[PDB]
Amino acid sequence: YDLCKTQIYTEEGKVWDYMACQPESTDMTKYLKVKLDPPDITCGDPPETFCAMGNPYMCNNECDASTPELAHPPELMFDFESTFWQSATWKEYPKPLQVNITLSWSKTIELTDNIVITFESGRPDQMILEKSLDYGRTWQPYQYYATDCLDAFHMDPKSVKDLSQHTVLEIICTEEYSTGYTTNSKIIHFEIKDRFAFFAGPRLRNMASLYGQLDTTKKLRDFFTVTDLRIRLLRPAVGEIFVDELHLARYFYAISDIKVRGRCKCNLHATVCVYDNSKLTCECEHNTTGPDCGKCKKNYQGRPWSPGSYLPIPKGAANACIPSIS
Amino acid sequence: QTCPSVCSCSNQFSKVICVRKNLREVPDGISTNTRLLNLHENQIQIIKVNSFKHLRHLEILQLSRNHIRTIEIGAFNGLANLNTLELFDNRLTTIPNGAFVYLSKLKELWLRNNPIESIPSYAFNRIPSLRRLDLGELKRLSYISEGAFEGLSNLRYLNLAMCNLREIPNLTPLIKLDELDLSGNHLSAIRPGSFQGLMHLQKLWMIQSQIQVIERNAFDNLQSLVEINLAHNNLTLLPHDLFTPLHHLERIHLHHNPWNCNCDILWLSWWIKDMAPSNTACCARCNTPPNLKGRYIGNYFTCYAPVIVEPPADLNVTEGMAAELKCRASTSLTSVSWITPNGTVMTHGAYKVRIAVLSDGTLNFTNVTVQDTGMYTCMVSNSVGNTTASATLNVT
Ligand SMILES: [Ca+2]
């Protein structure tokens, strides 16, 4: 799905054969714009002392914004990998330490791989992964993460493994990333490859089953499409319900790296995507126009607008804009 | 006064930061005035003899997240004021015996996430001043000695988390021990013989230790215990009045366990209701039966009083011979306690000296005496009610 137009030789003349387009899936974190509320959450002014996950008595390491070796800015969450961002310990008790990490794009992006949020110190006991398709106007929840789902969000604890091919669009609350005494103790996952596995398979070789369903169902196609992302932190890693008061330095948020991989929505009309004037935009082909190739270019309004389909494999149907009738 | 070009020093030279910088050898040029030396995230492998000789005021030494595989004998020589020694996330295959020798101020020592194979006899004996010790995340651990914690009579905190141990090691020389962490291990079942000698212990952590059953009178030796964490385990039921000898106990964590809610879990339900205040430590929920699954703990359903299988029969016996007062219960869950005509109450948990009570509930006598004659009453207790059985003993 790399080529747009190819030199074709027909019985009557020689024109171009139009086929389905798709850009290369790359590390998207290079194109986002991070937003934090409260903006004063990043520790440094004044310098604070923190405690690592290992021991509660392990309080020697400190955070200071003035010194680059001790500074932890939000830029480190998208740094090539370990460097990590840190938030100020909740000194204001019992005020809930709520942090919102808005990952803005200002462009429609279809996800291809799992959203991996690798933490540095503890996994939050209350967390919501949110999405937006209307450029940050409204917010739709992707998945909820908590220690006790029935108490924290009033939902029954489920898992992606427990879901089915008919219940792919279902929003679930998982307890898989609650405990900190197993392997992957600092990793929070949003299973996208496992959600594709219901159609494609465990090996992900039969892509034809996945491609076919994406062309027919609009809701399934919209589920993986995002314009914005949000990490809604509610309660930090405390472990036990009874939280310490004398030592508030033990509790805070720390993220090592965020893995957001995907493709920009071209509606199967473009392969080239230019990051012009701090914004990623599609280099429209098949006589299309707009930011996501959602509109027909004027003078090419013969047949109504329709996005390209993957079927048949490999040369998919382009559904190009034909010239207007005189 | 001296400052290395690689390291970022502070004014008056007390804190020497060497974090993020790549170093293969120990940096030379550290001032005597230094109280804190941070060498986190480095590539250092060998700690040479007299590397911290001139540093007499240094209290905290951070050698964490490095490639340290071997530590020499005279490596920690010259450090008189050293209190905290960070050695977590390294390449240490064995604990260096010649390293931790002459340290009088050392109170804290972290050694987690290291490929330590074996802990030998008389380890940490040369440093008895140690109050906190962390030997966590030892994935490559295969041997633990009997006298491994010998000499540590002043130690209060110990972390043996994620060491994948099946049985509790010899923690007897740790008299002053208050906090113990045995979370994330492969502990099969808690037996009464375990945890003995830990009279001063207050906090116990058994989070996700793969525990399936807790036997009767298991936590009886931990008298001064205040908090127990048994979260993320495969526990279905607990023995009746287990936390009864534990007078100083106040907080119990029992969440994320497949609890089989019935008549036998009523004593634990009332513990959360009255003994626990407005703030409850755990948010435990049922797994079986499916009609009660996911509901919070805390007598609507039908329950019955304890039933005695065989009542204690009146018997005529002479002095010298062995005497027995048979009293068996319908279920193994019920706690049996005998009441002597003297006034004293005898339980199963107590030491088997002359007069004893076994698992079945039978009162066994080794030698019959004159003072033993009178009226014996057996009280079988259950989470719902209590039932008594009278018996008369004849001594000739
Ligand atoms: Ca990073």
# chains A, B, ... in the order shown; residues from 1 in each chain; ligands from 1
>>> residues_near_ligand(ligand="ligand 1", cutoff="6 Å", atoms="only C-alpha atoms and all ligand atoms", output="list in words")
residues 76, 77, 78, 79, 82, 83, 84, 256 and 257 of chain A
>>> write_last_selection(atoms="N, CA, C and O atoms", output="mmCIF file, in the first residue's frame")
data_model
loop_
_atom_site.group_PDB
_atom_site.id
_atom_site.type_symbol
_atom_site.label_atom_id
_atom_site.label_comp_id
_atom_site.auth_asym_id
_atom_site.auth_seq_id
_atom_site.Cartn_x
_atom_site.Cartn_y
_atom_site.Cartn_z
ATOM 1 N N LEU A 76 11.155 14.307 28.787
ATOM 2 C CA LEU A 76 11.785 13.001 29.023
ATOM 3 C C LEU A 76 10.851 11.795 28.825
ATOM 4 O O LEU A 76 11.338 10.674 28.653
ATOM 5 N N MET A 77 9.521 12.025 28.839
ATOM 6 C CA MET A 77 8.503 10.986 28.631
ATOM 7 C C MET A 77 8.479 10.508 27.175
ATOM 8 O O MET A 77 7.941 9.438 26.891
ATOM 9 N N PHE A 78 9.037 11.313 26.256
ATOM 10 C CA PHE A 78 9.076 11.034 24.820
ATOM 11 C C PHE A 78 10.519 10.934 24.304
ATOM 12 O O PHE A 78 10.742 10.854 23.091
ATOM 13 N N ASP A 79 11.493 10.905 25.239
ATOM 14 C CA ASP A 79 12.926 10.789 24.967
ATOM 15 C C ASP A 79 13.246 9.392 24.433
ATOM 16 O O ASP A 79 12.671 8.409 24.906
ATOM 17 N N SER A 82 17.388 5.067 32.381
ATOM 18 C CA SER A 82 16.339 5.679 31.571
ATOM 19 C C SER A 82 15.865 7.008 32.158
ATOM 20 O O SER A 82 15.658 7.108 33.370
ATOM 21 N N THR A 83 15.694 8.026 31.290
ATOM 22 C CA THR A 83 15.223 9.364 31.669
ATOM 23 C C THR A 83 13.727 9.313 31.967
ATOM 24 O O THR A 83 12.996 8.582 31.297
ATOM 25 N N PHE A 84 13.273 10.079 32.975
ATOM 26 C CA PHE A 84 11.868 10.090 33.394
ATOM 27 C C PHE A 84 11.385 11.438 33.920
ATOM 28 O O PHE A 84 12.173 12.195 34.487
ATOM 29 N N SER A 256 8.497 7.022 32.830
ATOM 30 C CA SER A 256 9.755 6.808 32.115
ATOM 31 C C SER A 256 9.615 7.096 30.623
ATOM 32 O O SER A 256 10.389 7.886 30.080
ATOM 33 N N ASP A 257 8.635 6.447 29.959
ATOM 34 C CA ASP A 257 8.388 6.591 28.525
ATOM 35 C C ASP A 257 6.945 6.256 28.156
ATOM 36 O O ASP A 257 6.335 5.381 28.775
#
>>> residues_around(residues="residue A:164", least_positions_apart="4", cutoff="10 Å", atoms="only C-alpha atoms", output="PDB file with N, CA, C and O atoms, in the first residue's frame")
ATOM      1  N   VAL A 160      -8.962  -7.666  28.542  1.00  0.00           N
ATOM      2  CA  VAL A 160      -8.997  -7.738  27.071  1.00  0.00           C
ATOM      3  C   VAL A 160      -9.083  -9.206  26.605  1.00  0.00           C
ATOM      4  O   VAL A 160      -9.780  -9.500  25.629  1.00  0.00           O
ATOM      5  N   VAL A 168     -15.476  -5.794  20.712  1.00  0.00           N
ATOM      6  CA  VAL A 168     -14.178  -5.128  20.547  1.00  0.00           C
ATOM      7  C   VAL A 168     -14.262  -3.668  21.023  1.00  0.00           C
ATOM      8  O   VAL A 168     -13.369  -3.207  21.735  1.00  0.00           O
ATOM      9  N   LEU A 169     -15.354  -2.965  20.670  1.00  0.00           N
ATOM     10  CA  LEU A 169     -15.598  -1.565  21.035  1.00  0.00           C
ATOM     11  C   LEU A 169     -15.945  -1.340  22.523  1.00  0.00           C
ATOM     12  O   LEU A 169     -16.112  -0.190  22.939  1.00  0.00           O
ATOM     13  N   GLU A 170     -16.039  -2.426  23.317  1.00  0.00           N
ATOM     14  CA  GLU A 170     -16.371  -2.392  24.742  1.00  0.00           C
ATOM     15  C   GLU A 170     -15.258  -1.774  25.599  1.00  0.00           C
ATOM     16  O   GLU A 170     -14.086  -2.126  25.441  1.00  0.00           O
ATOM     17  N   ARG A 195      -6.687  -6.465  20.437  1.00  0.00           N
ATOM     18  CA  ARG A 195      -8.019  -6.095  19.946  1.00  0.00           C
ATOM     19  C   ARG A 195      -8.124  -6.359  18.440  1.00  0.00           C
ATOM     20  O   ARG A 195      -9.214  -6.649  17.944  1.00  0.00           O
ATOM     21  N   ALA A 197      -6.296  -8.838  17.115  1.00  0.00           N
ATOM     22  CA  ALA A 197      -6.146 -10.296  17.147  1.00  0.00           C
ATOM     23  C   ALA A 197      -7.464 -11.077  17.081  1.00  0.00           C
ATOM     24  O   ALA A 197      -7.446 -12.257  16.726  1.00  0.00           O
ATOM     25  N   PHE A 198      -8.602 -10.430  17.411  1.00  0.00           N
ATOM     26  CA  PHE A 198      -9.925 -11.056  17.345  1.00  0.00           C
ATOM     27  C   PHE A 198     -10.334 -11.325  15.892  1.00  0.00           C
ATOM     28  O   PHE A 198     -11.080 -12.271  15.631  1.00  0.00           O
ATOM     29  N   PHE A 199      -9.826 -10.502  14.954  1.00  0.00           N
ATOM     30  CA  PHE A 199     -10.093 -10.607  13.522  1.00  0.00           C
ATOM     31  C   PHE A 199      -8.891 -11.212  12.789  1.00  0.00           C
ATOM     32  O   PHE A 199      -9.043 -12.222  12.102  1.00  0.00           O
TER      33      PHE A 199
END
>>> residues_around(residues="residue A:134", least_positions_apart="2", cutoff="10 Å", atoms="only C-alpha atoms", output="short mmCIF file (atom, residue, chain, number, x, y, z; two decimals) with N, CA and C atoms, in the first residue's frame")
data_model
loop_
_atom_site.label_atom_id
_atom_site.label_comp_id
_atom_site.auth_asym_id
_atom_site.auth_seq_id
_atom_site.Cartn_x
_atom_site.Cartn_y
_atom_site.Cartn_z
N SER A 106 -3.79 17.68 17.03
CA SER A 106 -4.49 18.60 16.12
C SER A 106 -4.59 17.99 14.70
N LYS A 107 -4.66 16.64 14.64
CA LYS A 107 -4.74 15.82 13.43
C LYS A 107 -5.28 14.43 13.78
N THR A 108 -6.10 13.85 12.87
CA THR A 108 -6.68 12.51 13.01
C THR A 108 -5.57 11.47 12.79
N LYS A 131 -9.56 9.48 25.26
CA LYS A 131 -9.33 9.83 23.86
C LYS A 131 -10.28 10.96 23.41
N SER A 132 -10.02 11.53 22.23
CA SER A 132 -10.83 12.58 21.63
C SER A 132 -10.72 12.52 20.11
N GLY A 136 -10.13 17.74 20.97
CA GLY A 136 -10.11 18.14 22.38
C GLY A 136 -11.36 18.80 22.93
N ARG A 137 -12.47 18.79 22.17
CA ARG A 137 -13.74 19.39 22.60
C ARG A 137 -14.44 18.50 23.63
N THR A 138 -14.68 17.22 23.28
CA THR A 138 -15.28 16.22 24.17
C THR A 138 -14.27 15.09 24.42
N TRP A 139 -14.44 14.35 25.53
CA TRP A 139 -13.52 13.26 25.88
C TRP A 139 -14.23 11.92 26.06
N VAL A 226 -7.70 8.69 16.61
CA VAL A 226 -7.58 9.69 17.69
C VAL A 226 -7.01 11.04 17.21
N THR A 227 -7.48 12.14 17.82
CA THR A 227 -6.99 13.50 17.55
C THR A 227 -6.27 14.03 18.79
N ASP A 228 -6.59 13.46 19.97
CA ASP A 228 -6.04 13.79 21.28
C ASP A 228 -6.08 12.56 22.21
#
>>> residues_around(residues="stretch 37-40 of chain A", least_positions_apart="3", cutoff="8 Å", atoms="only C-alpha atoms", output="compact mmCIF listing (two decimals) with N, CA, C and O atoms, in the first residue's frame")
# COMPACT_ATOMS: atom_id res chain seq x y z
N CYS A 43 7.84 18.96 39.82
CA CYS A 43 8.70 19.32 40.95
C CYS A 43 10.03 19.91 40.52
O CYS A 43 10.62 19.48 39.52
N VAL A 99 -3.62 14.60 38.21
CA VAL A 99 -2.78 15.10 37.11
C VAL A 99 -3.39 14.65 35.77
O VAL A 99 -3.73 13.48 35.61
N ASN A 100 -3.52 15.59 34.82
CA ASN A 100 -4.05 15.32 33.49
C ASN A 100 -2.97 15.59 32.44
O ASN A 100 -2.52 16.73 32.29
N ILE A 101 -2.51 14.53 31.76
CA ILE A 101 -1.47 14.62 30.73
C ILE A 101 -2.14 14.56 29.35
O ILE A 101 -2.38 13.47 28.81
>>> select_by_dssp(residues="stretch 64-268 of chain A", states="helix (DSSP H, G or I)", output="JSON, numbers by chain")
{"A": [74, 75, 76, 77, 78, 149, 150, 151, 152, 160, 161, 162, 193, 194, 195, 196, 197, 198, 199, 200, 207, 208, 209, 210, 211, 212, 213, 214, 215, 216, 218, 219, 220, 221, 222, 223, 248, 249, 250]}
>>> write_last_selection(atoms="N, CA and C atoms", output="compact mmCIF listing (two decimals), in the first residue's frame")
# COMPACT_ATOMS: atom_id res chain seq x y z
N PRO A 74 8.76 17.40 31.40
CA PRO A 74 7.88 16.47 30.67
C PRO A 74 8.39 15.94 29.32
N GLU A 75 9.49 16.54 28.80
CA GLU A 75 10.14 16.18 27.53
C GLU A 75 10.75 14.77 27.58
N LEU A 76 11.15 14.31 28.79
CA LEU A 76 11.79 13.00 29.02
C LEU A 76 10.85 11.80 28.83
N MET A 77 9.52 12.02 28.84
CA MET A 77 8.50 10.99 28.63
C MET A 77 8.48 10.51 27.17
N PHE A 78 9.04 11.31 26.26
CA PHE A 78 9.08 11.03 24.82
C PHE A 78 10.52 10.93 24.30
N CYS A 149 -11.90 -2.01 41.16
CA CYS A 149 -12.81 -1.50 40.12
C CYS A 149 -14.22 -1.19 40.62
N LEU A 150 -14.81 -2.08 41.45
CA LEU A 150 -16.16 -1.93 42.00
C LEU A 150 -16.28 -0.77 43.00
N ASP A 151 -15.16 -0.38 43.65
CA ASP A 151 -15.09 0.71 44.62
C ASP A 151 -14.69 2.03 43.97
N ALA A 152 -13.68 2.00 43.08
CA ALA A 152 -13.14 3.18 42.40
C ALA A 152 -14.00 3.72 41.25
N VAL A 160 -8.96 -7.67 28.54
CA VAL A 160 -9.00 -7.74 27.07
C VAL A 160 -9.08 -9.21 26.60
N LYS A 161 -8.43 -10.13 27.35
CA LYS A 161 -8.45 -11.57 27.10
C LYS A 161 -9.86 -12.14 27.27
N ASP A 162 -10.67 -11.53 28.17
CA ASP A 162 -12.05 -11.92 28.44
C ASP A 162 -13.05 -11.39 27.40
N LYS A 193 -3.14 -4.43 19.70
CA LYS A 193 -2.73 -5.60 18.93
C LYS A 193 -3.59 -6.81 19.29
N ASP A 194 -3.98 -6.92 20.58
CA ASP A 194 -4.85 -7.98 21.10
C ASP A 194 -6.30 -7.75 20.66
N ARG A 195 -6.69 -6.46 20.44
CA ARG A 195 -8.02 -6.10 19.95
C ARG A 195 -8.12 -6.36 18.44
N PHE A 196 -6.98 -6.29 17.73
CA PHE A 196 -6.88 -6.59 16.30
C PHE A 196 -6.85 -8.11 16.11
N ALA A 197 -6.30 -8.84 17.11
CA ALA A 197 -6.15 -10.30 17.15
C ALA A 197 -7.46 -11.08 17.08
N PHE A 198 -8.60 -10.43 17.41
CA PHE A 198 -9.93 -11.06 17.34
C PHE A 198 -10.33 -11.33 15.89
N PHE A 199 -9.83 -10.50 14.95
CA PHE A 199 -10.09 -10.61 13.52
C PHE A 199 -8.89 -11.21 12.79
N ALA A 200 -7.70 -10.59 12.95
CA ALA A 200 -6.45 -11.00 12.30
C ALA A 200 -5.91 -12.36 12.75
N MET A 207 -4.52 -10.83 7.69
CA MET A 207 -4.90 -9.41 7.75
C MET A 207 -6.18 -9.13 6.95
N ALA A 208 -6.52 -10.01 5.98
CA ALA A 208 -7.71 -9.93 5.12
C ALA A 208 -9.02 -9.89 5.92
N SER A 209 -9.08 -10.62 7.05
CA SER A 209 -10.25 -10.65 7.94
C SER A 209 -10.39 -9.31 8.67
N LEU A 210 -9.26 -8.70 9.07
CA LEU A 210 -9.23 -7.41 9.76
C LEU A 210 -9.56 -6.28 8.78
N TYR A 211 -8.93 -6.29 7.58
CA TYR A 211 -9.13 -5.30 6.52
C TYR A 211 -10.58 -5.23 6.03
N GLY A 212 -11.21 -6.40 5.89
CA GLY A 212 -12.59 -6.54 5.44
C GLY A 212 -13.62 -5.93 6.37
N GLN A 213 -13.42 -6.12 7.69
CA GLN A 213 -14.30 -5.58 8.73
C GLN A 213 -14.16 -4.07 8.89
N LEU A 214 -12.94 -3.53 8.68
CA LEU A 214 -12.65 -2.10 8.78
C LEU A 214 -13.34 -1.29 7.68
N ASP A 215 -13.49 -1.87 6.47
CA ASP A 215 -14.14 -1.23 5.32
C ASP A 215 -15.65 -1.16 5.50
N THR A 216 -16.25 -2.21 6.11
CA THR A 216 -17.70 -2.32 6.34
C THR A 216 -18.19 -1.54 7.56
N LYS A 218 -17.94 1.37 10.34
CA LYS A 218 -17.39 2.71 10.57
C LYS A 218 -16.96 2.91 12.03
N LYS A 219 -17.76 2.40 12.99
CA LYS A 219 -17.51 2.50 14.43
C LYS A 219 -16.20 1.84 14.86
N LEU A 220 -15.87 0.67 14.27
CA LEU A 220 -14.64 -0.08 14.54
C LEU A 220 -13.42 0.72 14.06
N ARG A 221 -13.55 1.35 12.88
CA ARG A 221 -12.53 2.17 12.23
C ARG A 221 -12.27 3.45 13.04
N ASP A 222 -13.33 4.03 13.65
CA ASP A 222 -13.27 5.24 14.48
C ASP A 222 -12.67 4.99 15.86
N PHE A 223 -12.77 3.74 16.36
CA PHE A 223 -12.26 3.32 17.67
C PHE A 223 -10.75 3.52 17.79
N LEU A 248 4.69 11.96 53.35
CA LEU A 248 3.94 12.17 52.11
C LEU A 248 4.86 12.12 50.88
N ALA A 249 6.19 12.13 51.11
CA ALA A 249 7.23 12.06 50.08
C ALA A 249 7.25 10.72 49.33
N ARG A 250 6.68 9.66 49.95
CA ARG A 250 6.60 8.30 49.40
C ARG A 250 5.66 8.22 48.19
>>> closest_residue(among="B:318, B:359, B:334, B:90", to="residue B:379", atoms="only C-alpha atoms")
B:334
